[PDB]
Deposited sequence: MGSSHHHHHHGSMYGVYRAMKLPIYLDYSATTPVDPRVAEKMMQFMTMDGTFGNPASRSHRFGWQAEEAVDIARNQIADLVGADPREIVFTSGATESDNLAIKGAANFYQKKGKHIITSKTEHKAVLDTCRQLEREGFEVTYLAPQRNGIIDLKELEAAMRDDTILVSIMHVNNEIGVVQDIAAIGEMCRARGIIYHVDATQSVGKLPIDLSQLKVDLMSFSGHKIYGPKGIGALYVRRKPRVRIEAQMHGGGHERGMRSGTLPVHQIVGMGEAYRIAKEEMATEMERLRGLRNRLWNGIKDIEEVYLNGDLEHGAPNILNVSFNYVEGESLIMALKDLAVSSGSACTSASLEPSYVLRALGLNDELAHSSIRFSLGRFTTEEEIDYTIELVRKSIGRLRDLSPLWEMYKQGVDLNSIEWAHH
């Protein structure tokens, strides 16, 4: 068992050997390297077929129709596309948008740009557990509200929103609902034939597909529309121009198909390892759980260690690959939203599990955390204070 131990599957995951192998068949002179936009020869046509086989693979995971799937360069793009695309298309119905103060930066930074463009954006504070108050969401909705973006699973604390119910509130009022499902896709079940989501973002590299590819769900029925953000020939049914990257696209679709298969088995296994982990450390004195144990992603666990200087916490767990969620001095904007102070936020670690994670690694982790938080506290002027 090698070190570091990767516990940062939420930052990015490694590409499946099965995925990477497919992606090899679409690269070199003897593979299917042709441009799926060339239709005067065989090269293009068979490439386009590869694209279509993957577009379906993706669709089937989330109960969509392939004609509802738009190819992008990543979840970041899907979020820009979805939000600015919808906001611009529907701007005549009103200019008000609502989102959550704990959304990923792609959503937050996108909304802030729209605020420059003349849009009004309400950023709702979450409760201490991370869930949005639906009645606070309702009190925000107006006549001139046109769009709501609230993510399925949060990538820092793992907390799951009630996207079904939010979807119902949106539809009943004619408001477009966008959902960032980067973290939830292939982890929690998703069926858009039932869900009242209009736009949904997802990527590949959080599910053992390659970085640099992702997609955007756009509801066919009832019809949702968006303005393209990427111009030049009108590909993807006018919504995202540019050469389609076949291999990238193939790798993503294969990853989504494996995900459909292995999902159930895998998320019950991770959900167990997650519970193995929190139990071997929940007994330590000043440790808090950020998020929800029952109704949180099976693979994310974000815990706070109190009365320890956080700068050195990470230097103490160098045997682990994790993240605190801080930004090139200052501290997770999500934990600060949850309400914790800067010092506590700074000494929080997010453990994120995945395909290659074992019990051996979890147990080693459990041990390391006790002995580490133990040593730091020994030498902590802060702990001695608490020990009064």
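Unmodelled regions (deposited sequence positions with no C-alpha coordinates, counted from 1) are 1-19, 348-351, 412-423.
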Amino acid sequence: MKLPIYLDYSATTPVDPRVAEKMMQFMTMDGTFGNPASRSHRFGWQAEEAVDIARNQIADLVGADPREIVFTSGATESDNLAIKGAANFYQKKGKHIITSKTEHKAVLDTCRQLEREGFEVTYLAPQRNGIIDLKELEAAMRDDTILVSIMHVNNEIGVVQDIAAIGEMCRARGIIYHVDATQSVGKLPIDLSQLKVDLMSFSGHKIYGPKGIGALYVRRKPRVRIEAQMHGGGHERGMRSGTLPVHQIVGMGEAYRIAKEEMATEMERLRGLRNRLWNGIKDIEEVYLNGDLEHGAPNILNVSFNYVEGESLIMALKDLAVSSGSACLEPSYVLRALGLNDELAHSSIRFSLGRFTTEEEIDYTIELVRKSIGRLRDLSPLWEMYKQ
From here on, numbers count along this sequence of modelled residues.
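Looking at the other PDB entries for this protein, residue 69 is present in the model in all of those that include the residues around it, rather than absent from a third. Omission of residue 54 is seen in none of the other entries compared for this protein where the adjacent residues are built, far below a third. Taking only CA atoms, the mean B-factor in the PDB entry is higher for 291-299 than for the other of 291-299 and 141-149. Taking the mean C-alpha B-factor of each stretch as recorded, 58-66 and 25-33 are not equal, and the higher mean is that of 25-33. Per the PDB record, 188 has a higher Cα B-factor than any other of 107, 199, 175, 188. Highest C-alpha temperature factor among 268, 227, 115, 79, as the PDB entry reports it: 268.
Among the modelled residues of its chain, residue 45 has a C-alpha B-factor that falls in the highest third according to the deposited record. When the CA B factors of the chain's modelled residues are split into thirds, the value for residue 304 lands in the middle one. In the PDB entry, a CA B factor belonging to the middle third of its chain's modelled residues is recorded for residue 10. In this PDB entry, the Cα temperature factor of residue 111 sits in the bottom third of its chain's modelled residues, the lowest group. Among the modelled residues of the chain, residue 162 sits in the middle third by CA temperature factor in this PDB entry.
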